[PDB]
RNA sequence: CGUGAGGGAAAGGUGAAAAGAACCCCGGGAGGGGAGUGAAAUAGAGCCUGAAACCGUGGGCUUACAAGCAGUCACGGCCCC
RNA sequence: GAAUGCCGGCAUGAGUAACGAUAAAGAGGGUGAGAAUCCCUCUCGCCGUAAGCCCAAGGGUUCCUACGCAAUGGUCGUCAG
RNA sequence: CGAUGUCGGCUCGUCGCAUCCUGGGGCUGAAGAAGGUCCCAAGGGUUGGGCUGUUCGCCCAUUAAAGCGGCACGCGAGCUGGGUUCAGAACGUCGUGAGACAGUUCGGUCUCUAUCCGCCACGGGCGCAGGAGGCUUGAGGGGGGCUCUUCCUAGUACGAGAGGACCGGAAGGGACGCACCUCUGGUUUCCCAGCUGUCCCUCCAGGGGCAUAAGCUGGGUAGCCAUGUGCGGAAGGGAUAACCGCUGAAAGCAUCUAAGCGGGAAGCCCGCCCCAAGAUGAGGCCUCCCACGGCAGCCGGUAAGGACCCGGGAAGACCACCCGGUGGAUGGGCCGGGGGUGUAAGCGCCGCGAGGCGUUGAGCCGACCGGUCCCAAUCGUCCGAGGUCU
Ligand SMILES: [Mg+2]
Ligand SMILES: [Mg+2]
Ligand SMILES: [Mg+2]
Ligand SMILES: [Mg+2]
Ligand SMILES: [Mg+2]
Ligand SMILES: [Mg+2]
Ligand SMILES: [Mg+2]
Ligand SMILES: [Mg+2]
Ligand SMILES: [Mg+2]
Ligand SMILES: [Mg+2]
Ligand SMILES: [Mg+2]
Ligand SMILES: [Mg+2]
Ligand SMILES: [Mg+2]
Ligand SMILES: [Mg+2]
Ligand SMILES: [Mg+2]
Ligand SMILES: [Mg+2]
Ligand SMILES: [Mg+2]
Ligand SMILES: [Mg+2]
Ligand SMILES: [Mg+2]
Ligand SMILES: [Mg+2]
Ligand SMILES: [Mg+2]
Ligand SMILES: [Mg+2]
Ligand SMILES: [Mg+2]
Ligand SMILES: [Mg+2]
Ligand SMILES: [Mg+2]
Ligand SMILES: [Mg+2]
Ligand SMILES: [Mg+2]
Ligand SMILES: [Mg+2]
Ligand SMILES: [Mg+2]
Ligand SMILES: [Mg+2]
Ligand SMILES: [Mg+2]
Ligand SMILES: [Mg+2]
Ligand SMILES: [Mg+2]
Ligand SMILES: [Mg+2]
Ligand SMILES: [Mg+2]
Ligand SMILES: [Mg+2]
Ligand SMILES: [Mg+2]
Ligand SMILES: [Mg+2]
Ligand SMILES: [Mg+2]
Ligand SMILES: [Mg+2]
Ligand SMILES: [Mg+2]
Ligand SMILES: [Mg+2]
Ligand SMILES: [Mg+2]
Ligand SMILES: [Mg+2]
Ligand SMILES: [Mg+2]
Ligand SMILES: [Mg+2]
Ligand SMILES: [Mg+2]
Ligand SMILES: [Mg+2]
Ligand SMILES: [Mg+2]
Ligand SMILES: [Mg+2]
Ligand SMILES: [Mg+2]
Ligand SMILES: [Mg+2]
Ligand SMILES: [Mg+2]
Ligand SMILES: [Mg+2]
Ligand SMILES: [Mg+2]
Ligand SMILES: [Mg+2]
Ligand SMILES: [Mg+2]
Ligand SMILES: [Mg+2]
Ligand SMILES: [Mg+2]
Ligand SMILES: [Mg+2]
Ligand SMILES: [Mg+2]
Ligand SMILES: [Mg+2]
Ligand SMILES: [Mg+2]
Ligand SMILES: [Mg+2]
Ligand SMILES: [Mg+2]
Ligand SMILES: [Mg+2]
Ligand SMILES: [Mg+2]
Ligand SMILES: [Mg+2]
Ligand SMILES: [Mg+2]
Ligand SMILES: [Mg+2]
Ligand SMILES: [Mg+2]
Ligand SMILES: [Mg+2]
Ligand SMILES: [Mg+2]
Ligand SMILES: [Mg+2]
Ligand SMILES: [Mg+2]
Ligand SMILES: [Mg+2]
Ligand SMILES: [Mg+2]
Ligand SMILES: [Mg+2]
Ligand SMILES: [Mg+2]
Ligand SMILES: [Mg+2]
Ligand SMILES: [Mg+2]
Ligand SMILES: [Mg+2]
Ligand SMILES: [Mg+2]
Ligand SMILES: [Mg+2]
Ligand SMILES: [Mg+2]
Ligand SMILES: [Mg+2]
Ligand SMILES: [Mg+2]
Ligand SMILES: [Mg+2]
Ligand SMILES: [Mg+2]
Ligand SMILES: [Mg+2]
Ligand SMILES: [Mg+2]
Ligand SMILES: [Mg+2]
Ligand SMILES: [Mg+2]
Ligand SMILES: [Mg+2]
Ligand SMILES: [Mg+2]
Ligand SMILES: [Mg+2]
Ligand SMILES: [Mg+2]
Ligand SMILES: [Mg+2]
Ligand SMILES: [Mg+2]
Ligand SMILES: [Mg+2]
Ligand SMILES: [Mg+2]
Ligand SMILES: [Mg+2]
Ligand SMILES: [Mg+2]
Ligand SMILES: [Mg+2]
Ligand SMILES: [Mg+2]
Ligand SMILES: [Mg+2]
Ligand SMILES: [Mg+2]
Ligand SMILES: [Mg+2]
Ligand SMILES: [Mg+2]
Ligand SMILES: [Mg+2]
Ligand SMILES: [Mg+2]
Ligand SMILES: [Mg+2]
Ligand SMILES: [Mg+2]
Ligand SMILES: [Mg+2]
Ligand SMILES: [Mg+2]
Ligand SMILES: [Mg+2]
Ligand SMILES: [Mg+2]
Ligand SMILES: [Mg+2]
Ligand SMILES: [Mg+2]
Ligand SMILES: [Mg+2]
Ligand SMILES: [Mg+2]
Ligand SMILES: [Mg+2]
Ligand SMILES: [Mg+2]
Ligand SMILES: [Mg+2]
Ligand SMILES: [Mg+2]
Ligand SMILES: [Mg+2]
Ligand SMILES: [Mg+2]
Ligand SMILES: [Mg+2]
Ligand SMILES: [Mg+2]
Ligand SMILES: [Mg+2]
Ligand SMILES: [Mg+2]
Ligand SMILES: [Mg+2]
Ligand SMILES: [Mg+2]
Ligand SMILES: [Mg+2]
Ligand SMILES: [Mg+2]
Ligand SMILES: [Mg+2]
Ligand SMILES: [Mg+2]
Ligand SMILES: [Mg+2]
Ligand SMILES: [Mg+2]
Ligand SMILES: [Mg+2]
Ligand SMILES: [Mg+2]
Ligand SMILES: [Mg+2]
Ligand SMILES: [Mg+2]
Ligand SMILES: [Mg+2]
Ligand SMILES: [Mg+2]
Ligand SMILES: [Mg+2]
Ligand SMILES: [Mg+2]
Ligand SMILES: [Mg+2]
Ligand SMILES: [Mg+2]
Ligand SMILES: [Mg+2]
Ligand SMILES: [Mg+2]
Ligand SMILES: [Mg+2]
Ligand SMILES: [Mg+2]
Ligand SMILES: [Mg+2]
Ligand SMILES: [Mg+2]
Ligand SMILES: [Mg+2]
Ligand SMILES: [Mg+2]
Ligand SMILES: [Mg+2]
Ligand SMILES: [Mg+2]
Ligand SMILES: [Mg+2]
Ligand SMILES: [Mg+2]
Ligand SMILES: [Mg+2]
Ligand SMILES: [Mg+2]
Ligand SMILES: [Mg+2]
Ligand SMILES: [Mg+2]
Ligand SMILES: [Mg+2]
Ligand SMILES: [Mg+2]
Ligand SMILES: [Mg+2]
Ligand SMILES: [Mg+2]
Ligand SMILES: [Mg+2]
Ligand SMILES: [Mg+2]
Ligand SMILES: [Mg+2]
Ligand SMILES: [Mg+2]
Ligand SMILES: [Mg+2]
Ligand SMILES: [Mg+2]
Ligand SMILES: [Mg+2]
Ligand SMILES: [Mg+2]
Ligand SMILES: [Mg+2]
Ligand SMILES: [Mg+2]
Ligand SMILES: [Mg+2]
Ligand SMILES: [Mg+2]
Ligand SMILES: [Mg+2]
Ligand SMILES: [Mg+2]
Ligand SMILES: [Mg+2]
Ligand SMILES: [Mg+2]
Ligand SMILES: [Mg+2]
Ligand SMILES: [Mg+2]
Ligand SMILES: [Mg+2]
Ligand SMILES: [Mg+2]
Ligand SMILES: [Mg+2]
Ligand SMILES: [Mg+2]
Ligand SMILES: [Mg+2]
Ligand SMILES: [Mg+2]
Ligand SMILES: [Mg+2]
Ligand SMILES: [Mg+2]
Ligand SMILES: [Mg+2]
Ligand SMILES: [Mg+2]
Ligand SMILES: [Mg+2]
Ligand SMILES: [Mg+2]
Ligand SMILES: [Mg+2]
Ligand SMILES: [Mg+2]
Ligand SMILES: [Mg+2]
Ligand SMILES: [Mg+2]
Ligand SMILES: [Mg+2]
Ligand SMILES: [Mg+2]
Ligand SMILES: [Mg+2]
Ligand SMILES: [Mg+2]
Ligand SMILES: [Mg+2]
Ligand SMILES: [Mg+2]
Ligand SMILES: [Mg+2]
Ligand SMILES: [Mg+2]
Ligand SMILES: [Mg+2]
Ligand SMILES: [Mg+2]
Ligand SMILES: [Mg+2]
Ligand SMILES: [Mg+2]
Ligand SMILES: [Mg+2]
Ligand SMILES: [Mg+2]
Ligand SMILES: [Mg+2]
Ligand SMILES: [Mg+2]
Ligand SMILES: [Mg+2]
Ligand SMILES: [Mg+2]
Ligand SMILES: [Mg+2]
Ligand SMILES: [Mg+2]
Ligand SMILES: [Mg+2]
Ligand SMILES: [Mg+2]
Ligand SMILES: [Mg+2]
Ligand SMILES: [Mg+2]
Ligand SMILES: [Mg+2]
Ligand SMILES: [Mg+2]
Ligand SMILES: [Mg+2]
Ligand SMILES: [Mg+2]
Ligand SMILES: [Mg+2]
Ligand SMILES: [Mg+2]
Ligand SMILES: [Mg+2]
Ligand SMILES: [Mg+2]
Ligand SMILES: [Mg+2]
Ligand SMILES: [Mg+2]
Ligand SMILES: [Mg+2]
Ligand SMILES: [Mg+2]
Ligand SMILES: [Mg+2]
Ligand SMILES: [Mg+2]
Ligand SMILES: [Mg+2]
Ligand SMILES: [Mg+2]
Ligand SMILES: [Mg+2]
Ligand SMILES: [Mg+2]
Ligand SMILES: [Mg+2]
Ligand SMILES: [Mg+2]
Ligand SMILES: [Mg+2]
Ligand SMILES: [Mg+2]
Ligand SMILES: [Mg+2]
Ligand SMILES: [Mg+2]
Ligand SMILES: [Mg+2]
Ligand SMILES: [Mg+2]
Ligand SMILES: [Mg+2]
Ligand SMILES: [Mg+2]
Ligand SMILES: [Mg+2]
Ligand SMILES: [Mg+2]
Ligand SMILES: [Mg+2]
Ligand SMILES: [Mg+2]
Ligand SMILES: [Mg+2]
Ligand SMILES: [Mg+2]
Ligand SMILES: [Mg+2]
Ligand SMILES: [Zn+2]
């Protein structure tokens, strides 16, 4: 459950370590982003000579949340952090690897490249 | 009129009786029916059960696993039809009903805190010897 | 709201309310019959019935349980040896409440008697 | 239009097509028609239904008469369904098949004297920064000399709940005729044990 | 607050009109089947001490 | 818009 | 009242005569009801006269679809002489 | 008939706010016309570098006992500075 | 001027329309898509941030859009008190000076009690010419009214190309609304356990008080809840706006109009939901009692019924509403189940001991779902028609 001011871990090798959400791209006035939703964020922490650098305003999709997400089969899943993957305007990952599990919900939302790259899909 | 009975009656067609008993602290492997398009397959989720919240047909249990460097928790309905089976992989000895506290512990610390439940382990091997 | 909530508050915090019940229990078990306000009376029944029912058990466990509220060994001896036996075949309802006709002068409080049953 | 009286028994979820579906169980049948309203006699069309059977020791003489004229055992609740005229002398759950959408009416839970925040979702006041005893207050309630008064209907604190509420277009998930049971998907107004009315939906 | 205050003296009519709901309801009483004395129902009779047929209390 | 006050802030009696 | 210098009130009347109500009754008392005193006791000491605001009990007329500085003019109903 | 006049009396607001630290009460037995409130007993709670004890200021019989409850006591009162 | 509190914010709205969006149009230097400009339209909607006391404005990220005004520049007996009108102090500047400055700077007492109208809720009374118990009609009111993306049609019409539809159809959302507690997630003042210090019972063991109005800590049922769940905006009928017509004179042509008839909006009327016969215009249906005794009135006891009283209640401030009162499951006990806690005490064994193991998912155990007359709703009382006249 992500909103502006929320810090996200970035789960790729774009060079970003930590991004802070500044807007959730979902209608006129959405309050929260969950898995599969796209946010606009600021790169608050990066590592030297990456693609992205601190201060960059980037787009990203949420792949993990500490707030458990509920599923039609009556089950839920919850992660230890809130994590995102930095993308381009074509919803494609800018990196070449994604680290850690991702929510299966990404699949139904057309983020196949990230799902494929993900080491595990839960 | 017995309102409680009516509900139990509605629920009865959906009740399961084929799953093994397990406690918070046990290490369990839940084989879950997962859909990915357009075929469905069985995905295994294995971790410590940190919570069981009982409510008859509506009890649910929560299993916790560390997956590729990230902690993952999964809530399952105890009578969900998407559970193929559940395999007790290990009996764990807890001293409380909810084990949320293990979220802040190292792998070493969890291990010392959840000693193997030797009594129920023996009980497991004591059965499984059948006619 | 108060939907499906059980238990009066009797304008006392948690520990005072407990003491109130415990003290009334000691007095009831001691004199067999006391006079209180109607609300206090109606609330005392359950608290004392449980204590009596445990005396009906008889075992060490029950004695030590009852001792938590009654706190007095002699009074508990009376409970197990003289009170409990006459309720051997009774299924609950070891206490009764009957309302008096006159209110307190100083505050108009309606009164009631609480007594152990025959 | 068709309908039945019933008591709300409780909530659960059942599984259907690998989906968890929240349900409210309703004991609907059986409801004897005890009077029929006719355009010739009553000026409109509806059926007075009875529900739940009543200890005759409690049925007064005018009520006794009413039931007797219909050849009907004493019932606890009398209620009409508008523009509904069943062929039989008894309405049961079977008038609904699974898959139909229905409208359920009940008496909502009562919040008693409700504040303006609970009742009307007002924001109330700040909890620090100087806020002075107005944390759950409604703020201004008007203008000044013009108009010099307060509108009728001004949202204010007051009683809330214990009122007729109809939620609409609920899926009938299942019906169990041998137990006079209806399983409706989602939520139904009022407490368990409350009397509800199940009508065929007016949504298209 | 800014100290609200009555704007006009209340008339004798309006003051007495307010009190149109102030009259006491007489005590509800019934005869005690034993001593025929009048007492509130569902209370132990304070005159003979009887309730539900039996002597319960010393008067 | 900012205009000058026409009354002082009320002092105690 | 003010540390103080100093400031500074309110408060008169039974009856001619106490003859100031023995005694009895209800009441813990207060208070009252009889008895008694007196020309007179709503002159009974909370006492001459006892206005008004104000409070109350009883009776007559009137009032719960009506718009107001409360009255005034007309007519009708009810009550009284 | 008015001077936010002066003195006094009585109203309205009103059976309304409040009854002065949220340390806390319960029962049984006495007394008495009358008892939540006075006496006794048991249970419970609060203070304990005090909310205990001893001085000095200041106060001036408030001390002890008997007999009392009109007023003083923010209720009651048989109790009391 | 014997006082009409003054900027901005917050809260709560409501109105206007010179319309920001959404809907409907005409013209276009309108190919398509997208704009421009004007007309109709006030139903709903009109985001979150950085800076400043700011209104305003600039900026960031979005959006269908990020409208402009009135309501004492709406709203301080509603809150704030940053701005600004007191007393302190300082800077620049002016003045010999005391002091002063639409120049600046730091600080600086915002009043428990609502009489009347108005508003939100809830009752009492009387009325609706028999007196009653139910079930209803709906005059008239109120609520609601938003919108986007993607896919199909179709890479089709249009276009060199880039780009890319009308109409029709399908799915998925944001914000808001009503209800709900199965799930998710809260709380859960004593439901369970662990723990420290002290005092105590009774020495050990086992317990109790206090450490908060839970000592602390880990959990936690019912209830009440949102972050959780269901559902809503319509569909549809009708009459219209701008606008477009058919037929058609005056005026042999022409003309939407002068006779007449169509089409046409998120708007209007109905439809949906809720209130509602004090609708004194007091409605309707079903059923019950009934022709009482004494002189359109009075008195006396009744009938159908009702009230009082009591046990209670997801009903509730009181009142009301609703259920029940022994011909009874209403509450309280008790029992069974659920649920919570997570293996009581006691004993036995192991260890020098702290402890460990077994007995044992034990012991304890609020509210939830039921059962059971063990306790209590004993016994009763009082109101309550006799039906006005054409
Ligand atoms: Mg990572
Ligand atoms: Mg930098
Ligand atoms: Mg950038
Ligand atoms: Mg039941
Ligand atoms: Mg249930
Ligand atoms: Mg059954
Ligand atoms: Mg089960
Ligand atoms: Mg079950
Ligand atoms: Mg190690
Ligand atoms: Mg073993
Ligand atoms: Mg509360
Ligand atoms: Mg209850
Ligand atoms: Mg309660
Ligand atoms: Mg309690
Ligand atoms: Mg009390
Ligand atoms: Mg209180
Ligand atoms: Mg405590
Ligand atoms: Mg005795
Ligand atoms: Mg009583
Ligand atoms: Mg009395
Ligand atoms: Mg008193
Ligand atoms: Mg009484
Ligand atoms: Mg009709
Ligand atoms: Mg029809
Ligand atoms: Mg509240
Ligand atoms: Mg609330
Ligand atoms: Mg609400
Ligand atoms: Mg707020
Ligand atoms: Mg706010
Ligand atoms: Mg808030
Ligand atoms: Mg303040
Ligand atoms: Mg303040
Ligand atoms: Mg505060
Ligand atoms: Mg306010
Ligand atoms: Mg004002
Ligand atoms: Mg006006
Ligand atoms: Mg209500
Ligand atoms: Mg649908
Ligand atoms: Mg109903
Ligand atoms: Mg204040
Ligand atoms: Mg007044
Ligand atoms: Mg006046
Ligand atoms: Mg006056
Ligand atoms: Mg008044
Ligand atoms: Mg008067
Ligand atoms: Mg009796
Ligand atoms: Mg200014
Ligand atoms: Mg002095
Ligand atoms: Mg002096
Ligand atoms: Mg005089
Ligand atoms: Mg003289
Ligand atoms: Mg003289
Ligand atoms: Mg005497
Ligand atoms: Mg005497
Ligand atoms: Mg005396
Ligand atoms: Mg005398
Ligand atoms: Mg006398
Ligand atoms: Mg004489
Ligand atoms: Mg004489
Ligand atoms: Mg003479
Ligand atoms: Mg006299
Ligand atoms: Mg006289
Ligand atoms: Mg005279
Ligand atoms: Mg005289
Ligand atoms: Mg004289
Ligand atoms: Mg005189
Ligand atoms: Mg006089
Ligand atoms: Mg006079
Ligand atoms: Mg009079
Ligand atoms: Mg009228
Ligand atoms: Mg009239
Ligand atoms: Mg008038
Ligand atoms: Mg006038
Ligand atoms: Mg006139
Ligand atoms: Mg005339
Ligand atoms: Mg003059
Ligand atoms: Mg004055
Ligand atoms: Mg004045
Ligand atoms: Mg003067
Ligand atoms: Mg004068
Ligand atoms: Mg005066
Ligand atoms: Mg009052
Ligand atoms: Mg008042
Ligand atoms: Mg009040
Ligand atoms: Mg008060
Ligand atoms: Mg005090
Ligand atoms: Mg005071
Ligand atoms: Mg006090
Ligand atoms: Mg107190
Ligand atoms: Mg006594
Ligand atoms: Mg004596
Ligand atoms: Mg005596
Ligand atoms: Mg006393
Ligand atoms: Mg007394
Ligand atoms: Mg006493
Ligand atoms: Mg006291
Ligand atoms: Mg202390
Ligand atoms: Mg010490
Ligand atoms: Mg200390
Ligand atoms: Mg001295
Ligand atoms: Mg002195
Ligand atoms: Mg002596
Ligand atoms: Mg006194
Ligand atoms: Mg006294
Ligand atoms: Mg006295
Ligand atoms: Mg004296
Ligand atoms: Mg006194
Ligand atoms: Mg005082
Ligand atoms: Mg004395
Ligand atoms: Mg003394
Ligand atoms: Mg002025
Ligand atoms: Mg004035
Ligand atoms: Mg003024
Ligand atoms: Mg002004
Ligand atoms: Mg003013
Ligand atoms: Mg505010
Ligand atoms: Mg604010
Ligand atoms: Mg705010
Ligand atoms: Mg307005
Ligand atoms: Mg506005
Ligand atoms: Mg216009
Ligand atoms: Mg313009
Ligand atoms: Mg704009
Ligand atoms: Mg448009
Ligand atoms: Mg437009
Ligand atoms: Mg347009
Ligand atoms: Mg063009
Ligand atoms: Mg065109
Ligand atoms: Mg073009
Ligand atoms: Mg132009
Ligand atoms: Mg255009
Ligand atoms: Mg323009
Ligand atoms: Mg223009
Ligand atoms: Mg509009
Ligand atoms: Mg409007
Ligand atoms: Mg507007
Ligand atoms: Mg903003
Ligand atoms: Mg800002
Ligand atoms: Mg900042
Ligand atoms: Mg700022
Ligand atoms: Mg600004
Ligand atoms: Mg501007
Ligand atoms: Mg500016
Ligand atoms: Mg657009
Ligand atoms: Mg903005
Ligand atoms: Mg703007
Ligand atoms: Mg603008
Ligand atoms: Mg304008
Ligand atoms: Mg505006
Ligand atoms: Mg304005
Ligand atoms: Mg202006
Ligand atoms: Mg303004
Ligand atoms: Mg203003
Ligand atoms: Mg403005
Ligand atoms: Mg404005
Ligand atoms: Mg103002
Ligand atoms: Mg203020
Ligand atoms: Mg202001
Ligand atoms: Mg004002
Ligand atoms: Mg400042
Ligand atoms: Mg100035
Ligand atoms: Mg300074
Ligand atoms: Mg100079
Ligand atoms: Mg100079
Ligand atoms: Mg010069
Ligand atoms: Mg000057
Ligand atoms: Mg200025
Ligand atoms: Mg100036
Ligand atoms: Mg400035
Ligand atoms: Mg400054
Ligand atoms: Mg300061
Ligand atoms: Mg300043
Ligand atoms: Mg300031
Ligand atoms: Mg002031
Ligand atoms: Mg205050
Ligand atoms: Mg008040
Ligand atoms: Mg008032
Ligand atoms: Mg007024
Ligand atoms: Mg009013
Ligand atoms: Mg009424
Ligand atoms: Mg009314
Ligand atoms: Mg009529
Ligand atoms: Mg008539
Ligand atoms: Mg009726
Ligand atoms: Mg209508
Ligand atoms: Mg009307
Ligand atoms: Mg309407
Ligand atoms: Mg409307
Ligand atoms: Mg295509
Ligand atoms: Mg192409
Ligand atoms: Mg192409
Ligand atoms: Mg294709
Ligand atoms: Mg085509
Ligand atoms: Mg082509
Ligand atoms: Mg293309
Ligand atoms: Mg389309
Ligand atoms: Mg609702
Ligand atoms: Mg719930
Ligand atoms: Mg639940
Ligand atoms: Mg829950
Ligand atoms: Mg939960
Ligand atoms: Mg929790
Ligand atoms: Mg306990
Ligand atoms: Mg305890
Ligand atoms: Mg404790
Ligand atoms: Mg623990
Ligand atoms: Mg310890
Ligand atoms: Mg201890
Ligand atoms: Mg020990
Ligand atoms: Mg211990
Ligand atoms: Mg104890
Ligand atoms: Mg202690
Ligand atoms: Mg403690
Ligand atoms: Mg202590
Ligand atoms: Mg304490
Ligand atoms: Mg807790
Ligand atoms: Mg709970
Ligand atoms: Mg929500
Ligand atoms: Mg039409
Ligand atoms: Mg043409
Ligand atoms: Mg033509
Ligand atoms: Mg025409
Ligand atoms: Mg014409
Ligand atoms: Mg037309
Ligand atoms: Mg056409
Ligand atoms: Mg729409
Ligand atoms: Mg109605
Ligand atoms: Mg209705
Ligand atoms: Mg009516
Ligand atoms: Mg009606
Ligand atoms: Mg009627
Ligand atoms: Mg009709
Ligand atoms: Mg006859
Ligand atoms: Mg008869
Ligand atoms: Mg006669
Ligand atoms: Mg009868
Ligand atoms: Mg309630
Ligand atoms: Mg009640
Ligand atoms: Mg009542
Ligand atoms: Mg009843
Ligand atoms: Mg009875
Ligand atoms: Mg009976
Ligand atoms: Mg029976
Ligand atoms: Mg029961
Ligand atoms: Mg029971
Ligand atoms: Mg109860
Ligand atoms: Mg159950
Ligand atoms: Mg269990
Ligand atoms: Mg063990
Ligand atoms: Mg053990
Ligand atoms: Mg050994
Ligand atoms: Mg050994
Ligand atoms: Mg040993
Ligand atoms: Mg075993
Ligand atoms: Mg149990
Ligand atoms: Mg039960
Ligand atoms: Mg039975
Ligand atoms: Mg019984
Ligand atoms: Mg009668
Ligand atoms: Mg009568
Ligand atoms: Mg007659
Ligand atoms: Mg005739
Ligand atoms: Zn008697």
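Read the figures in this text as sums done on the coordinates, not as results from a lab. As a convention, Cβ positions derive from the backbone with ideal geometry for all residues, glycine included, and neighbour counts pool all protein chains shown.
Below, the figures for the structure above:
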item	result
Residues of the range E:1-54 that turn out to be away from every other protein chain (no Cβ under 14 Å) and either part of a strand (DSSP E or B) or within 16 Å of ligand 22 (Cβ to nearest atom) (or both), as a count	2
The lone exception for residue A:43 - which of (1) without any contact (Cβ under 8 Å) to a residue 40 or more places away in the chain; (2) within 22 Å of residue A:1 (Cβ to Cβ); (3) touching a helix residue (DSSP H, G or I) at 6+ places or on another chain (Cβ under 8 Å) it fails	(3)
Residue within the range D:50-63 that is in contact (Cβ under 8 Å) with a residue 12 or more places away in the chain, within 18 Å of the chain's Cα centre (by Cα) and at positive phi present	yes
Tally of residues being over 13 Å from residue A:105 (Cα atoms) and either within 14 Å of chain D (Cβ to nearest Cβ) or surrounded by fewer than 20 Cβ atoms within 10 Å (Cβ to Cβ) (or both) across the range A:53-72	8
Only listed residue being without any contact (Cβ under 8 Å) to a residue 24 or more places away in the chain, surrounded by fewer than 17 Cβ atoms within 10 Å (Cβ to Cβ) and either more than 27 Å from residue E:58 (Cα to Cα) or within 16 Å of ligand 232 (Cβ to nearest atom) (or both), chosen from C:103, C:77	C:77
Members of the range C:98-116 that are away from chain E (no Cβ under 13 Å) and assigned to a strand (DSSP E or B)	C:116
Extreme residue, farthest from the chain's Cα centre (by Cα), among residues of the range B:13-37 that are in contact (Cβ under 8 Å) with a residue 12 or more places away in the chain, within 14 Å of chain D (Cβ to nearest Cβ) and surrounded by fewer than 15 Cβ atoms within 10 Å (Cβ to Cβ)	B:15
Wholly within the range D:120-193, strands (runs of 3 or more DSSP E) carrying at least 3 residues that are farther than 30 Å from residue D:94 by Cβ	D:158-160
Failed condition for residue C:83, given (1) in contact (Cβ under 8 Å) with a residue 24 or more places away in the chain; (2) under 30 Å from residue D:118 (Cα atoms); (3) touching a strand residue (DSSP E or B) at 6+ places or on another chain (Cβ under 9 Å)	(2)
Answer from B:62, B:40 - the residue that is surrounded by fewer than 16 Cβ atoms within 10 Å (Cβ to Cβ), within 14 Å of chain A (Cβ to nearest Cβ) and at negative phi	B:40
Where residue B:69 falls short, out of the listed (1) within 8 Å of another protein chain (Cβ to nearest Cβ); (2) in contact (Cβ under 8 Å) with a residue 12 or more places away in the chain	(2)
Residue in the range D:112-131 that is farthest from the other protein chains (Cβ to nearest Cβ), counting only those that are within 16 Å of ligand 197 (Cβ to nearest atom) and surrounded by 16 or more Cβ atoms within 10 Å (Cβ to Cβ)	D:119
Residue C:44 being surrounded by 15 or more Cβ atoms within 10 Å (Cβ to Cβ) and without any contact (Cβ under 8 Å) to a residue 12 or more places away in the chain	no
Residue list for the range A:93-122, restricted to those being within 11 Å of chain B (Cβ to nearest Cβ), assigned to a helix (DSSP H, G or I) and in contact with a helix residue (DSSP H, G or I) (Cβ under 7 Å, 6 or more places away or on another chain)	A:107, A:115
